[PDB]
Each structure stands twice: as structure tokens, then as C-alpha cells.
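Peer 1: There's a structure below that I have some questions on.
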Amino acid sequence: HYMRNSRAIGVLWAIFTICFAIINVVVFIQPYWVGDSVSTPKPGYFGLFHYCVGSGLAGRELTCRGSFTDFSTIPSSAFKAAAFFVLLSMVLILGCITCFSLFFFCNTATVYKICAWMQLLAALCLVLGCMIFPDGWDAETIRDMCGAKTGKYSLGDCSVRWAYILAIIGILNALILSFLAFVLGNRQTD
Amino acid sequence: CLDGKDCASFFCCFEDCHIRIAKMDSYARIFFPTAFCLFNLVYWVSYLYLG
Amino acid sequence: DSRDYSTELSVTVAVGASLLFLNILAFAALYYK
Ligand SMILES: CCCCCCCC/C=C\CCCCCCCC(=O)O[C@H](COC(=O)CCCCCCCCCCCCCCC)COP(=O)(O)OC[C@@H](O)CO
Ligand SMILES: CCCCCCCC/C=C\CCCCCCCC(=O)O[C@H](COC(=O)CCCCCCCCCCCCCCC)COP(=O)(O)OC[C@@H](O)CO
Ligand SMILES: CCCCCCCCCCCC(=O)OC[C@H](COP(=O)([O-])O)OC(=O)CCCCCCCCCCC
Ligand SMILES: CC(C)CCC[C@@H](C)[C@H]1CC[C@H]2[C@@H]3CC=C4C[C@@H](O)CC[C@]4(C)[C@H]3CC[C@]12C
Ligand SMILES: CCCCCCCCCC
Ligand SMILES: [Cl-]
């Protein structure tokens, strides 16, 4: 029972880590953090680096620009910092999945602790990214798309879309999985 | 640390941490293949499908 | 397009909350001595 239950919850924790890595990848890639609104002058959306803006002629005609491999196209330094921090979180969580292999040779509890620390660090990086990302709304492009009312730390006319709330979900999931990993690593010792 | 262990004993692994260094090759025989096969999957799925 | 985001946000918070409660169920399995 005790060994069986510990093994089962450890495997479930591994599946959770994989799921959170999927969440982190999709939020980093998909540029749907913030979107237009009914009161917005011009339609469009923008993520951490990629942003699409509508020409505004009662049609879609979305012109899309931005890419992490060229920092010049990113609208603002805050966007660059947020993208870098989310990338670092991705590197850490993906690193944790790799460490899983160490279960073959190394002690279980120590590697559980390694991942607990990695996942905590990934959660912190995601927190920093989500904290710094709103700072970039004062850039000229986001102001032009959303309108003049938008400013630093102000949604204004534009509204949040699924990627940002999914990022917050990922923060919570990462932190709670880190706590789970710590407790499991200490529990295996008994 | 609700279990009652010290903060260092609960979180950090400061009990013996290196003594086990000779087993790096045994470690690297999976750590490097796993990372690359894992790196390729995120790289390729990112460009072809998610973007 | 109808520039409203409620159903999308609804399904996102639904799936996120589902994952979170099932994580709390994992703790319910764990802490239950
Ligand atoms: C799309 C992304 C896919 C991600 C793919 C991830 C896969 C990454 C590659 C390899 C992982 C290798 C895992 C090897 C685990 C094998 C570990 C094992 O042998 O079992 C024991 C229990 O361990 C444990 O509870 C650890 C349990 C590990 C469970 C996690 C591995 C299974 C992953 C299931 C795949 C789900 C995919 C679904 C995604 C939707 C530990 O040994 P043991 O006491 O005798 O030693 C004592 C010591 O003193 C000397 O060995
Ligand atoms: C030859 C091969 C051997 C070398 C390999 C080295 C490996 C290094 C690794 C990481 C550090 C990356 C350093 C890249 C430095 C490359 C140099 C560089 O950044 O170029 C600048 C800007 O480029 C840019 O915006 C791009 C800046 C962002 C660069 C970051 C891309 C991600 C790198 C992925 C790392 C994953 C690590 C994972 C390992 C586990 C030029 O400015 P400039 O005013 O002229 O433009 C004017 C404007 O009009 C056009 O942009
Ligand atoms: C293409 C591969 C073909 C060969 C198949 C793999 C060889 C498997 C044979 C068993 C090898 C083995 O377990 O012993 C090596 C070490 C333990 O070393 P030792 O001190 O007990 O002698 O234990 C280990 O390190 C476990 C073996 C892990 C090997 C991983 C192979 C990955 C291949 C990557 C392909 C891209
Ligand atoms: C060493 C192991 C554990 C981690 C490897 C991290 C890998 C998966 C990371 C490092 C750099 C990352 C890339 C950095 C920049 C971009 C450009 C973006 O437009 C699409 C995603 C893409 C292409 C990333 C995909 C994932 C990536 C390749
Ligand atoms: C269904 C889309 C999956 C995108 C790639 C997820 C990678 C997870 C980390 C390896
Ligand atoms: Cl890009």
C-alpha cells in the first residue's frame, strides 16, 4: 500500500510535470495574451513577441510581425524580458523532464529534490515574466492598437485572452508541483 | 516544513551534497539522448504546427 | 468577428481548475496517513 501509493502518486506527478511543460510551451508560442475589444479602434492581438494588427477596413487583413529570434521586432524591452523569462522557465521544466532519466541510476529522493528546485525556479521565472509583461503596454504599437487610454499596468479598452490566464494557471500548477516534489522526495526517505 | 524537518533538510539536499563522479558516463548515456530527442520535439512541433 | 472572449476564457479556466482540483486530489491521496 505505502510503496504502491507512493509509486502511483510519483508517476502522477511525472504526468503533471509533462502536462505543465505542454502548458508552458503553448503559452510561450501562441500569441493570444491580449486581444482587441468592441471599443478598440483597430482589431488585433499580441503575445510576448508576436503581434497581429488589422488594417481596419471592415475586414481581417491581419498584418503579423514579431519573432523571438529577432529582438528588434519585439515592441518593447519589457516584452523582451518577459519572453526571456518564459523561455528560461521552459528550459527548466524541459530540463526536469530530462532529469527523470536519472531515476534509473541515482537515488530517488535526491532527484525529486532537484526537480522540486527546478520547478520552483520555473514558477519564479514565469511569475517574473507575467509581472514584467504588463510594463510594455506603454509602447507605441500597443497604444495605437488598443487606444490612447492604455498605459503601463492598465488594460484599458483591450481585454485579456486565453494565453495570459493560462500563464497564471501554469504559475499555480508549477508552484504546487514543486511543493509536491519536495514532499515526495522527503516522503521516500521515510 | 510541516513534516518537522529542518529547512535545509526539507528543501535543500545538504546531507552529502562530489563523491559519485565516476558514473558520469553511465549518467550521460541517457541524459544527452533524452535532452536532444526532447529538444527536437519542441523545436519541430513549434514551427510546423503551433506556428 | 464578435470581439468577445467569454466562452474561450470559460473553457480555459474550466480546464485549469479541473487540473488544480485533481492536483489537490493528489495531495488528498498523499497527506492521508
Ligand atoms: C510528450 C512528452 C513525453 C515525455 C516523455 C518522458 C519520458 C522521459 C524518458 C525516459 C524516462 C525514464 C524513466 C525511468 C523510470 C524508472 C525508475 C525505476 O526503475 O523504478 C523505480 C521507481 O521509480 C519511480 O518511482 C519513478 C517513476 C517514473 C515515472 C515517470 C516515467 C514514465 C513516463 C510515462 C510516459 C507518459 C507520457 C504521457 C504524456 C501525455 C526506481 O528504481 P529502483 O528503486 O529500482 O532504484 C533504486 C536505486 O537504488 C538503484 O536503481
Ligand atoms: C556559429 C554557431 C556557433 C555559435 C553558437 C553560439 C550559441 C549562443 C547561445 C545562446 C546565446 C544567443 C546569442 C545570439 C547572438 C547573435 C547576435 C545577435 O543577437 O544579433 C543582433 C540582434 O539579433 C537578435 O535580435 C537576436 C537576439 C536574441 C538571441 C536569442 C535567440 C535564442 C537562442 C537559443 C538559445 C537556446 C539555449 C538552449 C540550450 C539548452 C544584431 O544586432 P543589430 O543591431 O545588428 O540588428 C539590427 C536590426 O535591424 C536587425 O535585428
Ligand atoms: C543505439 C543503442 C544501441 C545499444 C543499446 C543500449 C545498450 C544496452 C545494453 C545494456 C548496457 C548497460 O546497461 O550497462 C551500461 C550501464 C551500466 O554500466 P556497468 O557499470 O554496469 O557496466 O548501464 C546503462 O547505462 C544503461 C544503458 C543505457 C543505454 C542508452 C542507449 C541510448 C542510445 C541512444 C540512441 C539515439
Ligand atoms: C536542454 C533541454 C533540456 C532544453 C532545450 C530547450 C529548447 C526546447 C528551447 C531552447 C530555445 C527554444 C527556441 C527559442 C526560440 C524560438 C522561436 C519561436 O518563434 C518559436 C519557439 C522557438 C523555436 C524555441 C523552441 C524551444 C527551444 C529550442
Ligand atoms: C499538442 C501540442 C504539443 C506542443 C508540444 C508540447 C511539448 C511538451 C514538452 C516536451
Ligand atoms: Cl519567433
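Scheme for the C-alpha cells: letters A, B, ... for chains in order shown; per-chain residue numbers from 1; ligand numbers from 1 in order shown.
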Let me see if you get this right: every residue at most 7 Å from ligand 1, counting only C-alpha atoms and all ligand atoms, written as a list in words.
Peer 2: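 Those within range of ligand 1 are residues 7, 10, 11, 14, 15, 18, 19, 97, 98, 100, 101, 103, 104, 105, 106, 107 and 108 of chain A; 34 of chain B.
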Peer 1: Those residues you just picked out, can you put them in a file as a compact mmCIF listing (two decimals), in the first residue's frame with N, CA and C atoms?
Peer 2:
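What ended up in out.txt:
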```txt
# COMPACT_ATOMS: atom_id res chain seq x y z
N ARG A 7 4.45 5.12 -5.26
CA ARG A 7 4.79 4.95 -6.67
C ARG A 7 3.72 5.55 -7.57
N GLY A 10 3.86 9.33 -7.43
CA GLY A 10 5.05 9.79 -8.14
C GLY A 10 4.87 9.77 -9.64
N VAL A 11 4.28 8.69 -10.17
CA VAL A 11 4.01 8.62 -11.60
C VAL A 11 3.04 9.72 -12.01
N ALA A 14 4.82 12.87 -12.34
CA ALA A 14 5.54 12.94 -13.61
C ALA A 14 4.60 13.36 -14.75
N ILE A 15 3.40 12.78 -14.79
CA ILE A 15 2.44 13.16 -15.83
C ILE A 15 2.06 14.62 -15.68
N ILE A 18 4.78 16.73 -17.18
CA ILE A 18 4.67 16.75 -18.63
C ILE A 18 3.56 17.70 -19.07
N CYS A 19 2.41 17.63 -18.38
CA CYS A 19 1.29 18.50 -18.74
C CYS A 19 1.64 19.97 -18.56
N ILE A 97 12.09 17.25 -17.13
CA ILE A 97 11.62 16.02 -17.84
C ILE A 97 12.86 15.18 -18.18
N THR A 98 13.95 15.83 -18.59
CA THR A 98 15.19 15.10 -18.93
C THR A 98 15.70 14.41 -17.69
N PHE A 100 14.27 13.14 -15.27
CA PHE A 100 13.52 11.89 -14.98
C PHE A 100 14.44 10.70 -15.23
N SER A 101 15.22 10.73 -16.32
CA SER A 101 16.04 9.57 -16.64
C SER A 101 16.95 9.16 -15.49
N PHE A 103 16.39 8.56 -12.58
CA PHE A 103 15.75 7.57 -11.72
C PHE A 103 16.29 6.17 -11.95
N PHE A 104 16.87 5.90 -13.12
CA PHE A 104 17.49 4.60 -13.36
C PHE A 104 18.63 4.33 -12.40
N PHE A 105 19.52 5.31 -12.23
CA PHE A 105 20.78 5.13 -11.52
C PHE A 105 20.80 5.83 -10.16
N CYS A 106 20.48 7.12 -10.12
CA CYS A 106 20.63 7.90 -8.91
C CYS A 106 19.57 7.51 -7.88
N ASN A 107 19.76 8.01 -6.66
CA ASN A 107 18.75 7.86 -5.62
C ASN A 107 17.50 8.63 -6.01
N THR A 108 16.34 8.12 -5.59
CA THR A 108 15.08 8.75 -5.97
C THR A 108 14.90 10.09 -5.27
N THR B 34 18.24 11.94 -24.12
CA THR B 34 16.91 12.38 -23.75
C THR B 34 16.71 13.85 -24.07
```
Peer 1: Residues at most 10 Å from region 48-63 of chain A, counting only C-alpha atoms, excluding those fewer than 2 positions away in the same chain, as an MDAnalysis selection string?
Peer 2: (chainID A and resid 27:36 41:46 65:71 73:76 78:84 86 129:130 133 136 141:142 144:145 163:164) or (chainID C and resid 1)
Peer 1: Tell me, in Å to one decimal, how far CA of residue 119 (chain A) is from CA of residue 181 (chain A).
Peer 2: 8.7 Å
Peer 1: Give me, as a VMD selection string, the set of residues whose atoms come within 8 Å of any atom of ligand 4, counting only C-alpha atoms and all ligand atoms.
Peer 2: (chain A and resid 25 28 to 29 67 to 69 87 90 to 98) or (chain B and resid 35 to 36 38 to 44 46 to 47 51)
Peer 1: Could you take the residues named above and write them with N, CA and C atoms, as a PDB file, in the first residue's frame?
Peer 2:
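So out35.pdb came out as:
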```pdb
ATOM      1  N   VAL A  25       4.812  25.532 -22.990  1.00  0.00           N
ATOM      2  CA  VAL A  25       5.165  25.661 -24.399  1.00  0.00           C
ATOM      3  C   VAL A  25       4.066  26.398 -25.152  1.00  0.00           C
ATOM      4  N   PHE A  28       3.890  30.095 -24.291  1.00  0.00           N
ATOM      5  CA  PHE A  28       5.017  30.825 -24.859  1.00  0.00           C
ATOM      6  C   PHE A  28       4.836  31.046 -26.352  1.00  0.00           C
ATOM      7  N   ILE A  29       4.320  30.043 -27.060  1.00  0.00           N
ATOM      8  CA  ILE A  29       4.279  30.108 -28.516  1.00  0.00           C
ATOM      9  C   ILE A  29       3.070  30.901 -28.996  1.00  0.00           C
ATOM     10  N   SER A  67       9.132  38.256 -33.764  1.00  0.00           N
ATOM     11  CA  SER A  67       9.711  36.923 -33.662  1.00  0.00           C
ATOM     12  C   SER A  67      10.850  36.926 -32.655  1.00  0.00           C
ATOM     13  N   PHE A  68      10.898  35.910 -31.792  1.00  0.00           N
ATOM     14  CA  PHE A  68      11.878  35.910 -30.712  1.00  0.00           C
ATOM     15  C   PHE A  68      13.304  35.830 -31.236  1.00  0.00           C
ATOM     16  N   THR A  69      13.504  35.229 -32.408  1.00  0.00           N
ATOM     17  CA  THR A  69      14.847  35.126 -32.962  1.00  0.00           C
ATOM     18  C   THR A  69      15.370  36.453 -33.494  1.00  0.00           C
ATOM     19  N   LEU A  87      11.026  31.787 -21.609  1.00  0.00           N
ATOM     20  CA  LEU A  87      11.926  30.820 -22.227  1.00  0.00           C
ATOM     21  C   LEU A  87      12.764  30.107 -21.175  1.00  0.00           C
ATOM     22  N   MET A  90      10.695  27.528 -19.573  1.00  0.00           N
ATOM     23  CA  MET A  90      10.582  26.383 -20.468  1.00  0.00           C
ATOM     24  C   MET A  90      11.838  25.526 -20.402  1.00  0.00           C
ATOM     25  N   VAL A  91      13.006  26.164 -20.400  1.00  0.00           N
ATOM     26  CA  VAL A  91      14.258  25.419 -20.344  1.00  0.00           C
ATOM     27  C   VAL A  91      14.322  24.598 -19.064  1.00  0.00           C
ATOM     28  N   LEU A  92      13.877  25.197 -17.965  1.00  0.00           N
ATOM     29  CA  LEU A  92      13.942  24.489 -16.667  1.00  0.00           C
ATOM     30  C   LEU A  92      12.970  23.306 -16.693  1.00  0.00           C
ATOM     31  N   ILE A  93      11.697  23.553 -17.004  1.00  0.00           N
ATOM     32  CA  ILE A  93      10.703  22.442 -16.935  1.00  0.00           C
ATOM     33  C   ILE A  93      11.138  21.337 -17.909  1.00  0.00           C
ATOM     34  N   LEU A  94      11.567  21.706 -19.118  1.00  0.00           N
ATOM     35  CA  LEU A  94      12.047  20.689 -20.086  1.00  0.00           C
ATOM     36  C   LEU A  94      13.261  19.983 -19.471  1.00  0.00           C
ATOM     37  N   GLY A  95      14.111  20.725 -18.760  1.00  0.00           N
ATOM     38  CA  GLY A  95      15.260  20.099 -18.079  1.00  0.00           C
ATOM     39  C   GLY A  95      14.792  19.074 -17.068  1.00  0.00           C
ATOM     40  N   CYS A  96      13.718  19.385 -16.339  1.00  0.00           N
ATOM     41  CA  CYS A  96      13.195  18.450 -15.313  1.00  0.00           C
ATOM     42  C   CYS A  96      12.782  17.142 -15.996  1.00  0.00           C
ATOM     43  N   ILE A  97      12.091  17.245 -17.129  1.00  0.00           N
ATOM     44  CA  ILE A  97      11.623  16.021 -17.837  1.00  0.00           C
ATOM     45  C   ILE A  97      12.859  15.178 -18.181  1.00  0.00           C
ATOM     46  N   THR A  98      13.951  15.827 -18.586  1.00  0.00           N
ATOM     47  CA  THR A  98      15.189  15.100 -18.925  1.00  0.00           C
ATOM     48  C   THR A  98      15.703  14.413 -17.688  1.00  0.00           C
TER      49      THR A  98
ATOM     50  N   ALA B  35      17.707  14.683 -23.767  1.00  0.00           N
ATOM     51  CA  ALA B  35      17.566  16.119 -23.987  1.00  0.00           C
ATOM     52  C   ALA B  35      17.382  16.440 -25.463  1.00  0.00           C
ATOM     53  N   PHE B  36      18.171  15.807 -26.329  1.00  0.00           N
ATOM     54  CA  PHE B  36      18.094  16.114 -27.751  1.00  0.00           C
ATOM     55  C   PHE B  36      16.790  15.625 -28.357  1.00  0.00           C
ATOM     56  N   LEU B  38      14.182  15.259 -26.775  1.00  0.00           N
ATOM     57  CA  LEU B  38      13.215  16.183 -26.204  1.00  0.00           C
ATOM     58  C   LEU B  38      13.325  17.567 -26.837  1.00  0.00           C
ATOM     59  N   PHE B  39      14.545  18.012 -27.146  1.00  0.00           N
ATOM     60  CA  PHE B  39      14.710  19.309 -27.797  1.00  0.00           C
ATOM     61  C   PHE B  39      14.111  19.308 -29.195  1.00  0.00           C
ATOM     62  N   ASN B  40      14.336  18.236 -29.957  1.00  0.00           N
ATOM     63  CA  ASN B  40      13.832  18.189 -31.324  1.00  0.00           C
ATOM     64  C   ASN B  40      12.312  18.233 -31.352  1.00  0.00           C
ATOM     65  N   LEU B  41      11.664  17.570 -30.396  1.00  0.00           N
ATOM     66  CA  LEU B  41      10.209  17.501 -30.414  1.00  0.00           C
ATOM     67  C   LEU B  41       9.589  18.878 -30.209  1.00  0.00           C
ATOM     68  N   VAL B  42      10.132  19.676 -29.289  1.00  0.00           N
ATOM     69  CA  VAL B  42       9.602  21.021 -29.088  1.00  0.00           C
ATOM     70  C   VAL B  42       9.942  21.910 -30.276  1.00  0.00           C
ATOM     71  N   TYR B  43      11.150  21.765 -30.821  1.00  0.00           N
ATOM     72  CA  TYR B  43      11.561  22.600 -31.945  1.00  0.00           C
ATOM     73  C   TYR B  43      10.690  22.347 -33.166  1.00  0.00           C
ATOM     74  N   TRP B  44      10.488  21.077 -33.518  1.00  0.00           N
ATOM     75  CA  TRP B  44       9.777  20.767 -34.752  1.00  0.00           C
ATOM     76  C   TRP B  44       8.283  21.022 -34.614  1.00  0.00           C
ATOM     77  N   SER B  46       6.980  23.188 -32.769  1.00  0.00           N
ATOM     78  CA  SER B  46       6.781  24.628 -32.673  1.00  0.00           C
ATOM     79  C   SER B  46       6.610  25.265 -34.043  1.00  0.00           C
ATOM     80  N   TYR B  47       7.461  24.904 -34.999  1.00  0.00           N
ATOM     81  CA  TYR B  47       7.469  25.583 -36.288  1.00  0.00           C
ATOM     82  C   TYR B  47       6.417  25.038 -37.240  1.00  0.00           C
ATOM     83  N   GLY B  51       3.041  27.135 -35.064  1.00  0.00           N
ATOM     84  CA  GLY B  51       3.328  28.402 -35.710  1.00  0.00           C
ATOM     85  C   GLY B  51       3.818  28.239 -37.136  1.00  0.00           C
TER      86      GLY B  51
END
```
Peer 1: Please find the residues of chain A near chain C - the criterion being any atom within 7 Å, counting only C-alpha atoms - and write them as a ChimeraX atom specification.
Peer 2: /A:9,36-38,161-162,166,169,173
Peer 1: Residues within 7 Å of residue 134 (chain A), please, as an MDAnalysis selection string. Count only C-alpha atoms; anything in the same chain fewer than 2 positions from it doesn't count.
Peer 2: chainID A and resid 131:132 136:137 152:153
Peer 1: Would you name the residues within 10 Å of ligand 3, counting only C-alpha atoms and all ligand atoms, and put them as a list in words?
Peer 2: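 Final answer, ordered by chain and number: residues 101, 104 and 105 of chain A; 22, 23, 24, 25, 26, 27, 28, 29, 30, 31, 32, 33, 34, 36 and 37 of chain B.
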Peer 1: Which is closest to ligand 2 among A:88, A:168, A:116, A:23, if we use only C-alpha atoms and all ligand atoms?
Peer 2: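 Of the candidates, the smallest distance to ligand 2 is held by A:88.
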Peer 1: Taking the backbone alone, and naming residues the way the document does, which bits of region 59-173 of chain A are helix (DSSP H, G or I) by DSSP, as an NGL selection string?
Peer 2: :A and (71-73 or 77-104 or 108-138 or 140-146 or 162-173)
